[PDB]
Amino acid sequence: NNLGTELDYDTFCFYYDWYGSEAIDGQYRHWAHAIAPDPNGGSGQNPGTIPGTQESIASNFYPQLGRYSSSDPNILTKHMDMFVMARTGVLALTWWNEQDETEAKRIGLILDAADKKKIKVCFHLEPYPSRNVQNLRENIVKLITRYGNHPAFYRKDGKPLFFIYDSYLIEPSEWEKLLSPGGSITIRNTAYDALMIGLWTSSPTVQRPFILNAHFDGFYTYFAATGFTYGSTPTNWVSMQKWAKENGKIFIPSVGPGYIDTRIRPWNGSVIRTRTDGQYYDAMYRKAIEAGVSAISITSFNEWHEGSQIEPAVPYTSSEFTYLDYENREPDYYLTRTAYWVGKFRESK
Ligand SMILES: OC[C@H]1OCC[C@@H](O[C@H]2O[C@H](CO)[C@@H](O)[C@H](O)[C@@H]2O)[C@@H]1O
């Protein structure tokens, strides 16, 4: 078929599975969330918590699906249909190494639901406690062993792919042990080889030798807020792509529709990026495509705390908060606008 509606398997959408309901999970997990103290606000702050009631959730927006559970198979079905609408072929699943049966259940449910719609799943390896290259290797082995034969497990030219968030928290000399073909605990040329995509944050003078010396296969930028880092400044993407191509690296810039996290970080208003009825998303996605990249990542499907989600949101005013909403656009606008950009990306590929 050549309908201009098929999934794109070089488009990765960051997905969060940490939402809970009292009924399914015992608590409205993540809809309830601690409010962060101001890191520049001095001592004795008592910022409190967002309780995750119907009226007061830990987002500046409000989900069309309500305070859902990430463990609810019926929600997962709906999410996969939303991925199909968006044409996003890869779900990049947050992974916190919780070592708990409820995590294991969720991951299996997500893989199963994804496969019904021919969506693929890869893992976004988060900065879990004491993360280091040895336990990373062990966890990569575990994930490939447990899930590598699942039909929804993502591969690119035969290799799994992992995104590594805050990869700068680990020195290049440690990464080399895992990721150089000669490394002490290498995955290269083993059953557990994978494309390892590190987080490019700051200036080229720092990031270029970091990526080379660490032996990452590529890099991504994550942040949905333009200008938050050098890497999330889209005017740098042409030059970042040129460097990537020269050095055999895969650049996967991250694009998002906006940013606002002031319910959970009230002091963080300088990072707000307004959606402007889709014009912000359009500008960022256009820059990624114009840079000539081979793959794009989307921040985010459903990071509701940070206001970067493309998942449908609805107008809502409760007695506790007046939420933002998609304004003049309909609740599914960011899904269908993603599909528009996926088509432009494919036309360019
Ligand atoms: O997936 C990479 C990162 O994406 C942004 C969120 C971040 O998690 C931190 O922030 C959220 C709030 O937005 C907290 O709920 C988490 O516990 C964590 O501090 C991801 O690491």
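Values quoted throughout were computed directly from the atomic coordinates according to the rules given, and no laboratory measurement underlies them. For neighbour counting, all protein chains shown are included, and Cβ atoms are generated from backbone atoms with ideal geometry for every residue, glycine included.
Limited to region 164-185, what total is found for residues that are in a loop (DSSP other than H, G, I, E, B), among the charged types (D, E, K, R) and either within 21 Å of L143 (Cα to Cα) or touching an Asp or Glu at 6+ places or on another chain (Cβ under 6 Å) (or both)? Can you show your working first?
Going residue by residue through region 164-185, those that are in a loop (DSSP other than H, G, I, E, B) are 165-166, 170-171, 180-185.
Okay, now just the ones that are also among the charged types (D, E, K, R), so 166, 171.
Going one step further and asking which of them are either within 21 Å of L143 (Cα to Cα) or touching an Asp or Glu at 6+ places or on another chain (Cβ under 6 Å) (or both), we end up with 166.
Going through region 164-185 one residue at a time, the tally reaches 1.
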Legend entry - strands (runs of 3 or more DSSP E) wholly inside region 210-317 containing at least 3 residues that are within 15 Å of the chain's Cα centre (by Cα): 296-298
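Could you check region 1-27 and list, in sequence order, the residues that are in a loop (DSSP other than H, G, I, E, B), surrounded by 11 or more Cβ atoms within 10 Å (Cβ to Cβ) and of a type in the set (S, T, N, Q)?
Residues of region 1-27 in a loop (DSSP other than H, G, I, E, B): 1-7, 16-21, 26-27.
Right, trim to surrounded by 11 or more Cβ atoms within 10 Å (Cβ to Cβ) and you get 4-7, 16-21, 27.
Across region 1-27, the qualifying residues are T5, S21, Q27.
Output yes when any residue across region 130-146 is of a type in the set (A, V, I, L, M, F, W, C), part of a strand (DSSP E or B) and touching a strand residue (DSSP E or B) at 6+ places or on another chain (Cβ under 9 Å), and no when none is. It would help to see each step written out before you state the result.
From region 130-146, those of a type in the set (A, V, I, L, M, F, W, C) are 133, 136, 140-141, 143-144; that's our starting set.
Then keep just the ones that are part of a strand (DSSP E or B); that gives none.
No: zero hits.
Please find, within region 97-127, the residue that is surrounded by the most Cβ atoms within 10 Å (Cβ to Cβ) out of those that are within 13 Å of the ligand (Cβ to nearest atom) and in contact (Cβ under 8 Å) with a residue 60 or more places away in the chain. Working first, answer last.
Looking only at region 97-127, we keep the residues that are within 13 Å of the ligand (Cβ to nearest atom), and these are 97-98, 122-127.
If we keep only those that are in contact (Cβ under 8 Å) with a residue 60 or more places away in the chain as well, we get 122, 124.
Values: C122: 25, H124: 22.
Here the residue is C122.
Given the structure, is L161 within 24 Å of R87 (Cα to Cα), within 16 Å of the ligand (Cβ to nearest atom) and under 18 Å from the mean Cα position of the chain (by Cα)?
yes
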Legend entry - Residue list for region 257-267, restricted to those being surrounded by fewer than 23 Cβ atoms within 10 Å (Cβ to Cβ) and either hydroxyl-bearing (S, T, Y) or in contact with a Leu (Cβ under 8 Å, 6 or more places away or on another chain) (or both): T262
Legend entry - Close pairs from region 26-50: first among the acidic types (D, E), partner within 13 Å of the ligand (Cβ to nearest atom) and in a loop (DSSP other than H, G, I, E, B), Cβ under 9 Å, at least 6 apart: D38/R265; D38/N268
Inset, instruction - Any chance you could count how many residues in region 28-75 are within 14 Å of the ligand (Cβ to nearest atom), more than 20 Å from the chain's Cα centre (by Cα), assigned to a loop (DSSP other than H, G, I, E, B) and of a type in the set (S, T, N, Q)? - result: 0
Inset, instruction - Considering every residue within region 186-196, establish whether at least one is part of a loop (DSSP other than H, G, I, E, B) and among the basic types (K, R). - result: yes
Legend entry - Top-ranked residue of region 273-297 - restricted to ones that are surrounded by 15 or more Cβ atoms within 10 Å (Cβ to Cβ) and β-branched (V, I, T), ranked as farthest from the ligand (Cβ to nearest atom): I289
Legend entry - Residue that is out of contact with any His (no Cβ under 8 Å at 6 or more places or on another chain), buried (at least 22 other Cβ atoms within 10 Å of the Cβ) and polar (S, T, N, Q), where the choices are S300, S270: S300
Inset, instruction - Exactly one condition in (1) surrounded by fewer than 20 Cβ atoms within 10 Å (Cβ to Cβ); (2) in contact with a strand residue (DSSP E or B) (Cβ under 9 Å, 6 or more places away or on another chain); (3) among the aliphatic types (A, V, I, L, M) is not met by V84; state its number. - result: (2)
Legend entry - In region 88-108, the residues that are among the charged types (D, E, K, R) and either under 16 Å from the mean Cα position of the chain (by Cα) or under 22 Å from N149 (Cβ atoms) (or both): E101, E103, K105, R106
Inset, instruction - Check off (1) surrounded by fewer than 15 Cβ atoms within 10 Å (Cβ to Cβ); (2) touching a residue at least 24 places away in the same chain (Cβ under 8 Å); (3) β-branched (V, I, T) for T317 and give me the number that stays unchecked. - result: (2)
Legend entry - Unmet criterion (only one of (1) over 16 Å from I298 (Cα atoms); (2) within 16 Å of the ligand (Cβ to nearest atom); (3) out of contact with any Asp or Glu (no Cβ under 6 Å at 6 or more places or on another chain)) for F219: (1)
Inset, instruction - Within region 195-203, identify whether any single residue is more than 23 Å from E138 (Cα to Cα) and in contact with a strand residue (DSSP E or B) (Cβ under 8 Å, 6 or more places away or on another chain), and answer yes or no. - result: yes
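Considering each of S202, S254 in turn, give the residue that is crowded, with 23+ Cβ neighbours inside 10 Å, among the polar types (S, T, N, Q) and touching a residue at least 24 places away in the same chain (Cβ under 8 Å).
Details: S202 fails: crowded, with 23+ Cβ neighbours inside 10 Å.
Selected residue: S254, the only one of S202, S254 that is crowded, with 23+ Cβ neighbours inside 10 Å, among the polar types (S, T, N, Q) and touching a residue at least 24 places away in the same chain (Cβ under 8 Å).
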Legend entry - Selection from region 76-124 of residues that are under 12 Å from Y15 (Cβ atoms), of a type in the set (F, W, Y) and either outside any helix (DSSP H, G or I) or touching a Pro at 6+ places or on another chain (Cβ under 8 Å) (or both): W95, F123
